[PDB]
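Participant: The following file, work_30.txt, comprises compact mmCIF, C-alpha atoms and all ligand atoms:
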# COMPACT_ATOMS: atom_id res chain seq x y z
CA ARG A 81 24.96 20.00 -10.29
CA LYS A 82 25.50 16.81 -12.30
CA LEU A 83 27.24 13.45 -11.88
CA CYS A 84 29.44 13.37 -8.75
CA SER A 85 28.21 16.87 -7.92
CA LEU A 86 24.66 15.61 -7.65
CA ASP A 87 24.27 13.83 -4.29
CA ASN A 88 27.74 12.29 -4.69
CA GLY A 89 26.53 10.41 -7.81
CA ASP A 90 24.42 8.19 -5.53
CA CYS A 91 27.66 6.55 -4.34
CA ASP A 92 28.04 5.45 -0.69
CA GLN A 93 31.69 6.54 -0.66
CA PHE A 94 34.11 7.54 -3.43
CA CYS A 95 32.66 9.10 -6.58
CA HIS A 96 34.71 9.70 -9.75
CA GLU A 97 33.64 10.88 -13.19
CA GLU A 98 35.04 8.89 -16.13
CA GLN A 99 33.95 9.61 -19.68
CA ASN A 100 30.97 11.70 -18.55
CA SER A 101 29.59 9.06 -16.18
CA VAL A 102 29.72 8.22 -12.48
CA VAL A 103 32.02 5.48 -11.19
CA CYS A 104 31.70 4.64 -7.46
CA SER A 105 34.38 2.99 -5.34
CA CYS A 106 34.99 2.11 -1.70
CA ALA A 107 37.60 2.27 1.04
CA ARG A 108 39.73 -0.78 1.81
CA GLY A 109 37.75 -3.40 3.68
CA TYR A 110 34.57 -2.75 1.68
CA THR A 111 33.42 -4.29 -1.58
CA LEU A 112 31.33 -2.38 -4.12
CA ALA A 113 27.81 -3.87 -4.19
CA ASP A 114 26.19 -5.29 -7.36
CA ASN A 115 24.34 -2.00 -7.95
CA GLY A 116 27.77 -0.37 -8.34
CA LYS A 117 26.93 2.28 -5.72
CA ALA A 118 26.72 0.77 -2.21
CA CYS A 119 29.78 -0.29 -0.17
CA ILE A 120 29.54 -3.55 1.77
CA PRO A 121 31.82 -4.31 4.73
CA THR A 122 33.93 -7.41 4.24
CA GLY A 123 34.22 -8.03 7.96
CA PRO A 124 33.70 -7.07 11.38
CA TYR A 125 35.01 -3.73 12.20
CA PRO A 126 35.19 -2.06 8.77
CA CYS A 127 36.95 1.28 8.82
CA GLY A 128 35.03 4.40 9.70
CA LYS A 129 32.10 2.76 11.44
CA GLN A 130 31.20 3.50 15.02
CA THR A 131 31.08 0.30 17.07
CA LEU A 132 27.52 0.81 18.31
CA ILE B 1 39.10 19.12 24.48
CA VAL B 2 37.47 22.30 25.76
CA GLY B 3 33.69 22.05 25.63
CA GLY B 4 32.32 19.27 23.42
CA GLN B 5 30.89 16.07 24.82
CA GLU B 6 32.07 12.79 26.27
CA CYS B 7 32.58 10.07 23.65
CA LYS B 8 29.95 7.47 24.41
CA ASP B 9 30.34 3.71 23.98
CA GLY B 10 31.62 2.98 20.47
CA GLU B 11 31.53 6.62 19.23
CA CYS B 12 35.27 7.37 18.78
CA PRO B 13 36.76 3.92 18.21
CA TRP B 14 39.72 5.17 16.12
CA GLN B 15 41.20 7.22 18.97
CA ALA B 16 44.67 6.22 20.14
CA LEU B 17 46.64 7.68 23.05
CA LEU B 18 50.40 8.01 23.23
CA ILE B 19 51.58 7.34 26.76
CA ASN B 20 55.03 7.94 28.24
CA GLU B 21 57.14 5.67 30.48
CA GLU B 22 55.08 6.85 33.43
CA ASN B 23 51.90 5.73 31.63
CA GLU B 24 50.70 9.32 31.21
CA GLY B 25 48.97 10.32 27.95
CA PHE B 26 50.64 13.25 26.18
CA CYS B 27 49.33 13.12 22.60
CA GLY B 28 46.60 11.41 20.54
CA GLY B 29 46.76 9.40 17.35
CA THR B 30 44.31 7.85 14.89
CA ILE B 31 44.04 4.10 14.23
CA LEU B 32 44.53 3.47 10.50
CA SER B 33 44.80 -0.33 10.45
CA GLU B 34 45.76 -3.17 12.77
CA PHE B 35 49.46 -2.15 12.63
CA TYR B 36 49.41 1.58 11.87
CA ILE B 37 48.73 4.76 13.87
CA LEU B 38 48.64 8.30 12.45
CA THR B 39 49.95 11.10 14.70
CA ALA B 40 51.73 14.48 14.66
CA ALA B 41 55.47 14.71 14.07
CA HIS B 42 55.76 17.26 16.88
CA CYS B 43 54.44 14.71 19.39
CA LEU B 44 57.60 12.66 18.87
CA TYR B 45 59.59 15.25 20.87
CA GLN B 46 57.36 15.19 23.94
CA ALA B 47 58.74 11.88 25.22
CA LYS B 48 61.85 9.74 24.76
CA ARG B 49 60.06 6.39 24.84
CA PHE B 50 56.30 5.87 24.46
CA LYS B 51 53.64 3.27 23.81
CA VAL B 52 50.18 3.48 22.24
CA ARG B 53 46.97 2.81 24.19
CA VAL B 54 43.70 2.05 22.40
CA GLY B 55 40.18 1.27 23.58
CA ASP B 56 40.08 3.12 26.89
CA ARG B 57 37.48 5.87 27.08
CA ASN B 58 38.25 6.29 30.77
CA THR B 59 41.96 6.37 31.73
CA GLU B 60 40.87 5.11 35.18
CA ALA B 67 45.37 -2.50 25.46
CA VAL B 68 48.93 -1.23 25.22
CA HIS B 69 51.03 -1.60 22.10
CA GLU B 70 54.70 -0.93 21.68
CA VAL B 71 56.00 0.85 18.63
CA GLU B 72 58.25 -0.98 16.17
CA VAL B 73 58.91 1.77 13.62
CA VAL B 74 58.48 5.57 13.83
CA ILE B 75 58.07 7.20 10.41
CA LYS B 76 58.35 10.96 10.69
CA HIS B 77 57.93 13.34 7.77
CA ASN B 78 61.51 14.45 6.98
CA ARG B 79 60.31 17.98 6.18
CA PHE B 80 58.76 18.67 9.58
CA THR B 81 60.13 21.93 11.04
CA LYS B 82 59.74 22.86 14.68
CA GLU B 83 59.72 26.49 13.50
CA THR B 84 56.58 26.51 11.32
CA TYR B 85 55.03 23.11 12.24
CA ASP B 86 54.67 22.53 8.49
CA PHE B 87 54.51 18.82 7.56
CA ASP B 88 53.37 17.98 11.11
CA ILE B 89 52.76 14.25 10.52
CA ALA B 90 54.10 10.83 11.49
CA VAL B 91 53.06 7.20 11.06
CA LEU B 92 53.75 4.56 13.71
CA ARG B 93 53.99 0.83 12.98
CA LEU B 94 53.17 -1.22 16.05
CA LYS B 95 55.00 -4.36 17.22
CA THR B 96 51.78 -6.31 17.66
CA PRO B 97 48.50 -5.85 15.70
CA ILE B 98 45.51 -4.14 17.29
CA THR B 99 42.49 -6.39 17.86
CA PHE B 100 39.36 -4.57 16.72
CA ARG B 101 36.41 -4.60 19.09
CA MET B 102 33.95 -2.29 20.79
CA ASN B 103 35.75 1.05 21.04
CA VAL B 104 38.63 -0.05 18.84
CA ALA B 105 38.38 0.30 15.04
CA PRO B 106 40.16 2.17 12.31
CA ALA B 107 39.01 5.40 10.63
CA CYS B 108 38.89 5.31 6.84
CA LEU B 109 41.51 6.92 4.66
CA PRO B 110 39.73 8.64 1.79
CA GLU B 111 40.90 8.98 -1.85
CA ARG B 112 42.44 12.40 -2.27
CA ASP B 113 40.40 14.25 -4.90
CA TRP B 114 37.11 13.01 -3.46
CA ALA B 115 38.17 14.11 0.06
CA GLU B 116 39.02 17.55 -1.22
CA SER B 117 35.74 18.00 -3.10
CA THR B 118 33.38 16.09 -0.77
CA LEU B 119 34.79 15.88 2.77
CA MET B 120 36.74 19.16 3.14
CA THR B 121 33.62 20.91 1.81
CA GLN B 122 31.27 19.60 4.50
CA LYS B 123 30.22 22.06 7.19
CA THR B 124 32.02 20.31 10.06
CA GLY B 125 34.41 17.60 11.19
CA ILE B 126 34.95 16.01 14.61
CA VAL B 127 38.03 16.31 16.80
CA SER B 128 38.59 14.07 19.83
CA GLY B 129 41.11 13.46 22.59
CA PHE B 130 42.12 13.12 26.26
CA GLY B 131 43.62 16.62 26.40
CA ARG B 132 42.82 19.45 28.83
CA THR B 133 39.25 20.63 29.24
CA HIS B 134 40.46 24.19 30.06
CA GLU B 135 43.60 26.01 28.89
CA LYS B 136 44.84 25.65 32.44
CA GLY B 137 44.00 22.17 33.65
CA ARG B 138 44.84 18.52 34.05
CA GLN B 139 44.44 15.96 31.22
CA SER B 140 40.92 14.54 30.84
CA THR B 141 40.41 11.07 32.29
CA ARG B 142 37.51 10.74 29.82
CA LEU B 143 37.76 10.75 26.03
CA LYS B 144 35.91 13.77 24.61
CA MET B 145 34.76 14.82 21.13
CA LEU B 146 33.72 18.11 19.59
CA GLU B 147 32.10 19.01 16.29
CA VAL B 148 34.19 21.76 14.68
CA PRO B 149 33.16 23.80 11.63
CA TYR B 150 35.60 23.97 8.76
CA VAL B 151 36.94 27.51 8.52
CA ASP B 152 37.34 29.48 5.28
CA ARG B 153 41.06 29.62 4.35
CA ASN B 154 41.12 33.43 4.11
CA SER B 155 39.42 33.97 7.46
CA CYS B 156 41.87 31.42 8.82
CA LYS B 157 45.01 33.24 7.58
CA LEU B 158 43.58 36.59 8.69
CA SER B 159 43.05 35.30 12.25
CA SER B 160 46.55 33.86 12.60
CA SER B 161 49.78 35.29 13.99
CA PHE B 162 51.63 32.59 12.09
CA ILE B 163 51.75 31.34 8.52
CA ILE B 164 49.07 28.78 7.62
CA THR B 165 50.67 26.58 4.93
CA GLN B 166 48.82 24.49 2.31
CA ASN B 167 49.58 21.49 4.54
CA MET B 168 47.25 22.93 7.17
CA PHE B 169 43.62 23.88 7.63
CA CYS B 170 41.61 25.72 10.31
CA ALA B 171 38.61 24.46 12.23
CA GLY B 172 36.68 25.59 15.24
CA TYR B 173 34.64 28.50 16.48
CA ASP B 174 35.49 32.21 16.42
CA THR B 175 33.67 33.17 19.62
CA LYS B 176 32.01 30.06 21.12
CA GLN B 177 34.48 28.63 23.66
CA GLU B 178 35.18 25.13 22.29
CA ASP B 179 38.47 23.83 20.92
CA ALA B 180 41.10 21.10 21.07
CA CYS B 181 43.73 21.81 23.71
CA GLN B 182 46.99 20.54 25.24
CA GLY B 183 47.31 16.76 25.15
CA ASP B 184 44.95 16.50 22.12
CA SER B 185 47.78 17.06 19.59
CA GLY B 186 48.38 14.21 17.17
CA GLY B 187 44.76 13.07 17.54
CA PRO B 188 41.96 12.57 14.99
CA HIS B 189 40.03 15.09 13.01
CA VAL B 190 37.46 12.99 11.12
CA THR B 191 34.65 13.90 8.74
CA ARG B 192 31.40 11.96 8.52
CA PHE B 193 29.96 11.13 5.12
CA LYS B 194 26.84 8.89 4.99
CA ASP B 195 27.58 7.35 8.40
CA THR B 196 31.24 6.57 7.56
CA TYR B 197 34.03 8.52 9.24
CA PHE B 198 37.13 9.45 7.20
CA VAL B 199 40.39 10.84 8.57
CA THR B 200 40.73 14.41 7.41
CA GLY B 201 43.12 16.05 9.87
CA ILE B 202 45.67 15.66 12.67
CA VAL B 203 45.37 18.01 15.71
CA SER B 204 48.46 20.18 15.24
CA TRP B 205 48.61 23.57 16.99
CA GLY B 206 46.68 26.60 18.21
CA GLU B 207 47.40 29.96 19.84
CA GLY B 208 46.06 28.83 23.22
CA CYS B 209 42.81 26.93 23.60
CA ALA B 210 39.48 28.37 22.60
CA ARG B 211 40.90 31.91 22.46
CA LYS B 212 38.68 34.59 20.96
CA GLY B 213 39.46 35.25 17.29
CA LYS B 214 41.60 32.10 17.02
CA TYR B 215 40.99 28.67 15.49
CA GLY B 216 42.49 25.21 15.90
CA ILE B 217 45.12 24.38 13.29
CA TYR B 218 45.16 20.89 11.77
CA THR B 219 47.49 18.96 9.48
CA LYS B 220 45.60 18.49 6.18
CA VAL B 221 45.64 14.72 5.70
CA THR B 222 44.69 14.99 1.96
CA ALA B 223 48.08 16.60 1.32
CA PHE B 224 49.74 13.43 2.63
CA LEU B 225 47.60 10.53 1.43
CA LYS B 226 50.31 9.16 -0.89
CA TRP B 227 52.90 9.65 1.81
CA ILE B 228 50.72 7.71 4.28
CA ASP B 229 50.08 4.89 1.77
CA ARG B 230 53.80 4.55 1.14
CA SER B 231 54.58 4.62 4.86
CA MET B 232 52.18 1.70 5.47
CA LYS B 233 54.08 -0.55 3.05
CA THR B 234 57.53 -0.26 4.60
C1 LIG A 301 53.06 27.72 14.32
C2 LIG A 301 53.83 27.09 15.49
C3 LIG A 301 53.05 27.01 16.79
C4 LIG A 301 52.19 28.03 17.22
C5 LIG A 301 51.51 27.95 18.43
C6 LIG A 301 51.70 26.83 19.23
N1 LIG A 301 51.03 26.67 20.47
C7 LIG A 301 51.08 27.64 21.56
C8 LIG A 301 50.24 27.01 22.68
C9 LIG A 301 49.56 25.76 22.08
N2 LIG A 301 49.79 24.58 22.87
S1 LIG A 301 48.54 23.63 23.24
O1 LIG A 301 47.64 24.39 24.04
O2 LIG A 301 49.21 22.45 23.73
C10 LIG A 301 47.74 23.25 21.74
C11 LIG A 301 46.48 23.69 21.58
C12 LIG A 301 45.62 23.49 20.41
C13 LIG A 301 44.44 24.18 20.17
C14 LIG A 301 43.79 23.80 18.99
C15 LIG A 301 44.50 22.84 18.34
CL1 LIG A 301 44.03 22.12 16.83
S2 LIG A 301 45.94 22.35 19.14
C16 LIG A 301 50.26 25.58 20.74
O3 LIG A 301 50.15 24.61 20.00
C17 LIG A 301 52.55 25.83 18.80
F1 LIG A 301 52.73 24.75 19.57
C18 LIG A 301 53.23 25.90 17.60
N3 LIG A 301 55.14 27.75 15.72
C19 LIG A 301 55.10 29.16 16.13
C20 LIG A 301 56.12 26.99 16.52
Written as structure tokens, that's how I'd like the structure from this file.
Ligand SMILES: C[C@H](c1ccc(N2CC[C@H](NS(=O)(=O)/C=C/c3ccc(Cl)s3)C2=O)c(F)c1)N(C)C

Facilitator:
Amino acid sequence: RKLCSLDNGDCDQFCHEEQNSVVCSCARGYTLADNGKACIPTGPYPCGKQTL
Amino acid sequence: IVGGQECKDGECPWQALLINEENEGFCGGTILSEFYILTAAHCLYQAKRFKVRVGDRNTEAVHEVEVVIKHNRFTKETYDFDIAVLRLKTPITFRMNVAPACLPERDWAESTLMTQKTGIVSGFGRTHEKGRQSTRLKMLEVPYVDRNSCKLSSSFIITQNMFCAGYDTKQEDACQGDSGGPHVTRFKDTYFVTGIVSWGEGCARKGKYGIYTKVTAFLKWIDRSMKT
């Protein structure tokens, strides 16, 4: 297990492998954090989150 | 939903309910955005006119539909391509119990979501094969089923646009009235749409599974439908 196969490449959401390295990305309504791995909601009620 | 548990406050906020003229729910749907609902093509034959209800966990806001986009390849015979997108007349206001599920990117969904052990199905359908619709929204964790086991268990052809989920012996399944509703998969506390409740040979029948429309097979179709 390497890259996206290893714990999803440390990405919160989408993981892709480009040129032998991990590239993370996020669903609409999220912005990729500065660390290039976390996904930050842009608003209230981002997709896929329970409203708890 | 046969078996499973009641959806508690805020747990299934992407659930939508299609209701006929007589305000009775007959199918589910999944909220995709403020204007768009995902549902099953076959649901579109169960009522002449219908509206979409969101937010109510206990049947005891309503949105009219502007455009119905039905997959042109749907066939009543095989239930292949059992998918439709609805554009509402007015946008949904997100709030407690009302929020969209995420659409995943296709390859990632196939390698990361469809390979998880389970997904979650929800709806206001019957709680027993013979029964009245549930007044409470229910949810049920359902294991993904191996494609070969799936085809072996089935009296009908399972196409590549479909997948199986559920239990072989344990008596828990989606049921009548749940069709068109969400199958979602959790990944790091985010829920992605992965299926549409489509069909089953009865509810929770021994040696049978629930059959779902594979959303990954239609991601581009969905994206295009939400632009026009
Ligand atoms: C493959 C397709 C087909 C097979 C079986 C069915 N049936 C027969 C009964 C069943 N109706 S139902 O109880 O409202 C649906 C139950 C479900 C159980 C699990 C699901 Cl996922 S959906 C159902 O969907 C069907 F509607 C369609 N063809 C034969 C029309």

Participant: I want to know what sits within 7 Å of stretch 114-120 of chain A, based on all atoms listed in the file, with residues of the same chain fewer than 3 positions away left out; could you give that as a PDB file with C-alpha atoms, in the frame of the given file?

Facilitator:
ATOM      1  CA  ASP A  90      24.420   8.190  -5.530  1.00  0.00           C
ATOM      2  CA  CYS A  91      27.660   6.550  -4.340  1.00  0.00           C
ATOM      3  CA  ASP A  92      28.040   5.450  -0.690  1.00  0.00           C
ATOM      4  CA  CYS A 104      31.700   4.640  -7.460  1.00  0.00           C
ATOM      5  CA  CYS A 106      34.990   2.110  -1.700  1.00  0.00           C
ATOM      6  CA  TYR A 110      34.570  -2.750   1.680  1.00  0.00           C
ATOM      7  CA  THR A 111      33.420  -4.290  -1.580  1.00  0.00           C
TER       8      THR A 111
END

Participant: What residues have any atom no more than 8 Å from ligand LIG 301 (chain A) when counting all atoms listed in the file, and can you list them as a PyMOL selection string?

Facilitator: chain B and resi 82-86+135+162-164+170-171+179-185+202-210+215-218

Participant: Could you check the closest approach to chain A for each of B:194, B:212, B:53, B:138 and tell me which residue wins, using all atoms listed in the file?

Facilitator: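 Looking at the shortest contact to chain A, the residue is B:194.
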
Participant: Please measure the separation of atom CA of residue B:186 and atom CA of residue B:29, giving the value in Å to one decimal.

Facilitator: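 So the two atoms, atom CA of residue B:186 and atom CA of residue B:29, lie 5.1 Å apart.
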
Participant: Could you name the residues that touch residue A:102 at 7 Å or less, counting all atoms listed in the file, but leaving out those on the same chain fewer than 3 positions away, as number ranges by chain?

Facilitator: A: 83-84, 89, 95-98

Participant: Write the residues of the preceding selection, restricted to C-alpha atoms, as a compact mmCIF listing (two decimals), keeping the file's coordinate frame.

Facilitator:
# COMPACT_ATOMS: atom_id res chain seq x y z
CA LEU A 83 27.24 13.45 -11.88
CA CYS A 84 29.44 13.37 -8.75
CA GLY A 89 26.53 10.41 -7.81
CA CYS A 95 32.66 9.10 -6.58
CA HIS A 96 34.71 9.70 -9.75
CA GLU A 97 33.64 10.88 -13.19
CA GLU A 98 35.04 8.89 -16.13

Participant: List the neighbours of residue B:197 out to 8 Å using all atoms listed in the file; skip same-chain residues closer than 2 positions along the sequence, and give me the result as a list in words.

Facilitator: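 Answer for this query is residues 127, 128 and 129 of chain A; 107, 108, 190, 191, 192, 193, 195 and 199 of chain B.
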
Participant: Would you export the selected residues with C-alpha atoms as a PDB file, keeping the file's coordinate frame, please?

Facilitator:
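What landed in selection_30.pdb:
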ATOM      1  CA  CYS A 127      36.950   1.280   8.820  1.00  0.00           C
ATOM      2  CA  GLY A 128      35.030   4.400   9.700  1.00  0.00           C
ATOM      3  CA  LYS A 129      32.100   2.760  11.440  1.00  0.00           C
TER       4      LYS A 129
ATOM      5  CA  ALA B 107      39.010   5.400  10.630  1.00  0.00           C
ATOM      6  CA  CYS B 108      38.890   5.310   6.840  1.00  0.00           C
ATOM      7  CA  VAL B 190      37.460  12.990  11.120  1.00  0.00           C
ATOM      8  CA  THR B 191      34.650  13.900   8.740  1.00  0.00           C
ATOM      9  CA  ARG B 192      31.400  11.960   8.520  1.00  0.00           C
ATOM     10  CA  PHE B 193      29.960  11.130   5.120  1.00  0.00           C
ATOM     11  CA  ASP B 195      27.580   7.350   8.400  1.00  0.00           C
ATOM     12  CA  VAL B 199      40.390  10.840   8.570  1.00  0.00           C
TER      13      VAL B 199
END

Participant: Could you list, as an NGL selection string, the residues of chain B having an atom within 12 Å of chain A when counting only C-alpha atoms?

Facilitator: :B and (7-15 or 30-34 or 55 or 98-119 or 121 or 188 or 190-200 or 229)

Participant: Would you work out the distance separating atom CA of residue B:39 from atom CA of residue B:74, expressed in Å to one decimal?

Facilitator: 10.2 Å

Participant: Taking 4 positions as the minimum chain separation for residues in the same chain, which residues sit within 9 Å of residue B:43 when counting all atoms listed in the file? Answer as an MDAnalysis selection string.

Facilitator: chainID B and resid 18 26:28 39 47 88 90 185:186

Participant: Have a look at atom CA of residue B:147 and atom CA of residue B:122 and let me know their distance in Å, one decimal.

Facilitator: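 Computed distance, atom CA of residue B:147 to atom CA of residue B:122, equals 11.8 Å.
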
Participant: I want to know what sits within 7 Å of residue B:89, based on only C-alpha atoms, with residues of the same chain fewer than 4 positions away left out; could you give that as a list in words?

Facilitator: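 Here the answer would be residues 39, 40, 41, 76 and 77 of chain B.
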
Participant: Please determine, counting all atoms listed in the file, which residue among B:96, B:131, B:78, B:72 has the shortest atom-to-atom distance to residue B:25.

Facilitator: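 Selected residue with least distance to residue B:25: B:131.
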
Participant: With only C-alpha atoms as the basis for distance, which of B:37, B:175, B:51, B:214 is at the shortest distance from residue B:155?

Facilitator: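 Under the stated criterion, the closest residue is B:214.
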
Participant: Using all atoms listed in the file, list the residues that have an atom at most 7 Å from (39.2, 18.8, 6.6), coordinates as in the file, as a PDB file with C-alpha atoms, keeping the file's coordinate frame.

Facilitator:
ATOM      1  CA  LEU B 119      34.790  15.880   2.770  1.00  0.00           C
ATOM      2  CA  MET B 120      36.740  19.160   3.140  1.00  0.00           C
ATOM      3  CA  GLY B 125      34.410  17.600  11.190  1.00  0.00           C
ATOM      4  CA  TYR B 150      35.600  23.970   8.760  1.00  0.00           C
ATOM      5  CA  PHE B 169      43.620  23.880   7.630  1.00  0.00           C
ATOM      6  CA  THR B 200      40.730  14.410   7.410  1.00  0.00           C
ATOM      7  CA  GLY B 201      43.120  16.050   9.870  1.00  0.00           C
ATOM      8  CA  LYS B 220      45.600  18.490   6.180  1.00  0.00           C
TER       9      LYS B 220
END

Participant: Anything within 9 Å of (50.8, 0.6, 24.7): list those residues as a PyMOL selection string, counting all atoms listed in the file and sticking to the file's coordinates.

Facilitator: chain B and resi 17-19+23+50-54+67-71
